[PDB]
Amino acid sequence: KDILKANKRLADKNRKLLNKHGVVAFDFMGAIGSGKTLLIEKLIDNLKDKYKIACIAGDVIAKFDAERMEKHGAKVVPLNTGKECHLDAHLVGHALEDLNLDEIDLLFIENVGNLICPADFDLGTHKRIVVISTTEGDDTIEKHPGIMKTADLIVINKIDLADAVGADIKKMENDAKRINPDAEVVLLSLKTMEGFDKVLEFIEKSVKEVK
Amino acid sequence: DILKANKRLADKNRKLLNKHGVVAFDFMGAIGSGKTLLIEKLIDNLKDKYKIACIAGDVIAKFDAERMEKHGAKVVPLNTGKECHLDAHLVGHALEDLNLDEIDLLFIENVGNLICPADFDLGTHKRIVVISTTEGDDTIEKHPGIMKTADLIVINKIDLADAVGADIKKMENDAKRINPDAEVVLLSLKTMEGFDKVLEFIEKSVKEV
Ligand SMILES: Nc1nc2c(ncn2[C@@H]2O[C@H](COP(=O)(O)OP(=O)(O)OP(O)(O)=S)[C@@H](O)[C@H]2O)c(=O)[nH]1
Ligand SMILES: Nc1nc2c(ncn2[C@@H]2O[C@H](COP(=O)(O)OP(=O)(O)OP(O)(O)=S)[C@@H](O)[C@H]2O)c(=O)[nH]1
Ligand SMILES: [Mg+2]
Ligand SMILES: [Mg+2]
Ligand SMILES: [Zn+2]
Ligand SMILES: [Zn+2]
Ligand SMILES: [Zn+2]
Ligand SMILES: [Zn+2]
């Protein structure tokens, strides 16, 4: 199989096109229901005064999250993935054709909920974000090191629920730091909004550092 | 067609299990839904009546295998690597490492994944999908494929439903609409509310083979 080699070529092409039009793109990965959509929703709300934001929403049935993002004023391209367990640069490249990249500053891509397959499939983004939550259990990070090593930012979300599931958030934070020393690691609650400042900081730092 | 090869091996697996009087269950779900904790509780309640074995499938299978072992089950760990689902082939090899004449119940924990496990019959008698409220109340209608393969749909962590804004009535209705033939149970493994209904499904399923 030559799958991963052909994907990378398309990812580099995606990145070059985005750079050509001054677009900074983020890949939002995570487990099922970790909080990817709600994070994106909050990011749109709090950055739209400064940036023109577009989204690509990928899932079995993309409409649910597409509709959520749209009500926040962002242009969304939905991608129904169906039986596929991941997105790829090929599909993302075609979604880009539906966007006016000259009228876009930021691109948020919500990947399929999956802590395994998306690790191998570069989409052509500048940064990769992995979102997990306390409610998945505090062994979630050490159980899935592969995807963690591909992240630029690891978000441990739903910290407000940690005690209710018996999750040690300090342990999780340390797991993340240890498995990927180069990543930023943020403890977040999208309910209380604690930690959100650090996610915004990551977005802004990323924009300034491009190329 | 790798799915044709899988079906062939699934029928082979099921044939072997029937031969030795073993009833097998495929526990599917999202990541952290509560598959292992449900199996742990099932072992505790059933181990006096039945000889129980387990297959624990995950990237690093030791975590769940050890959790199951302390409850008094024979467990075969299955490291799934970069593969995102168990298949009949891998399960067939695990069955070769089990003494099936000394086993009544087989519990298989599939990889945490609501997509591709729907396509890969393992050779079990019943399929169970565990989701949880903390994944959001759109989770069931977002994954109809896997839902239609389930004999039992478990909506777990009802104790945390209000905290995440999940409507458990919606989730229960979504499940029944998508799979009218499935049993649907509202569960908290913390409080144990609904556990009796899951246990009833297991015991009935065993007697019905
Ligand atoms: N209490 C609490 N609930 C949260 C938090 N973050 C997200 N949620 C809740 O979790 C559920 C899932 O959030 P959602 O944004 O849909 O996850 P997702 O990762 O996008 O889910 P997916 O289906 O696409 S895979 C929702 O009910 C949402 O309100 C949090 O920090 N604290
Ligand atoms: N509050 C509450 N917590 C629960 C409930 N069910 C499971 N949990 C918690 O959720 C976390 C994950 O449970 P676990 O049994 O490990 O899920 P899993 O499906 O086996 O997770 P995986 O990594 O193999 S994919 C654990 O910390 C467990 O205590 C519940 O009903 N209520
Ligand atoms: Mg989402
Ligand atoms: Mg488990
Ligand atoms: Zn094409
Ligand atoms: Zn996969
Ligand atoms: Zn798979
Ligand atoms: Zn083999």
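Computed quantities for the displayed model
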item: Gyration tensor (Cα) of segment A:19-114, equivalent ellipsoid semi-axes in angstrom; result: 20, 16, 11
item: Magnitude of the charge dipole, chain A, Cβ model with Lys/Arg +1 and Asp/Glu -1, debye to 20; result: 560 debye
item: Euclidean distance between Cα centres, segment B:173-209 to segment B:79-127, Å; result: 20 Å
item: 222 nm mean residue ellipticity, helices alone, for chain A (DSSP H n ≥ 4; -39,500 (n - 2.57); rounded to 500); result: -11000 deg cm²/dmol
item: Estimated FRET transfer efficiency (B:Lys70, B:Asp11; beta-carbon r; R0 35 Å; 0.05); result: 0.55
item: Rounded to whole Hz, the Karplus (6.51, -1.76, 1.60) HN-Hα couplings of segment B:32-43, x for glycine and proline; result: x, 4, x, 4, 5, 4, 5, 4, 3, 5, 4, 4
item: Label zone at B:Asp181, where the point sits 7 Å out along the Cα-to-Cβ direction: segment B:52-94 residues whose backbone N lies under 11 Å; result: none
item: Cα convex hull of the protein assembly as shown - mean projected area over all directions, nm²; result: 19.6 nm²
item: Cα-Cα over 29 Å, subset of A:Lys75/B:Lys148; A:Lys5/B:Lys7; A:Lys75/B:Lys142; A:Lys8/A:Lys83; A:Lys171/A:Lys198; result: A:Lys75/B:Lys148; A:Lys5/B:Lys7
item: Label-point separation in nm, B:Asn79 to B:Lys204, each point 7 Å along Cα→Cβ; result: 4.1 nm
item: Segment A:161-209: GluC sites (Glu not before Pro) in DSSP coil with no more than 16 other Cβ atoms inside 10 Å; result: A:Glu194
item: Ascending count of other beta-carbon atoms within 10 Å, so fewest first, for A:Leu200, A:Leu87, A:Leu99; result: A:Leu200, A:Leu99, A:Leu87
item: Chain B - Rg (one decimal) and Dmax (whole number), Cα, Å; result: 16.0, 47
item: Residue order, fewest to most surrounding Cβ atoms within 10 angstrom, among A:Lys171, A:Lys127; result: A:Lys171, A:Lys127
item: Listed residue (B:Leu90, B:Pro77, B:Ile140) projecting farthest to the positive dipole end of chain B, Cβ model; result: B:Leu90
item: Those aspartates and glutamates that a straight Cα-Cα span of less than 20 Å connects to B:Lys19, excepting residues fewer than 8 apart in one chain; result: B:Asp11, B:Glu96, B:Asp97, B:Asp101, B:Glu102, B:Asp104, B:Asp121, B:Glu203, B:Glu208
item: Other protein chain Cβ atoms within 10 Å, averaged over every residue that makes up A:60-67; result: 3
item: Restricting segment A:94-130 to GluC sites (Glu not before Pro) in coil, as DSSP defines it, with at most 12 other Cβ within 10 Å; result: A:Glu97
item: Exposure proxy order (Cβ contacts within 10 Å, fewest to most) of A:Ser133, A:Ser189; result: A:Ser189, A:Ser133
item: Dipole axis of chain B (+1 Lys, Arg; -1 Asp, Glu on Cβ), positive-most option in B:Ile39, B:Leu114, B:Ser205; result: B:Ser205
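Note: ideal-geometry Cβ built from the backbone for every residue, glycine included; neighbour counts use all protein chains shown. Here, each number is a calculation from the coordinates, and none is a lab measurement.
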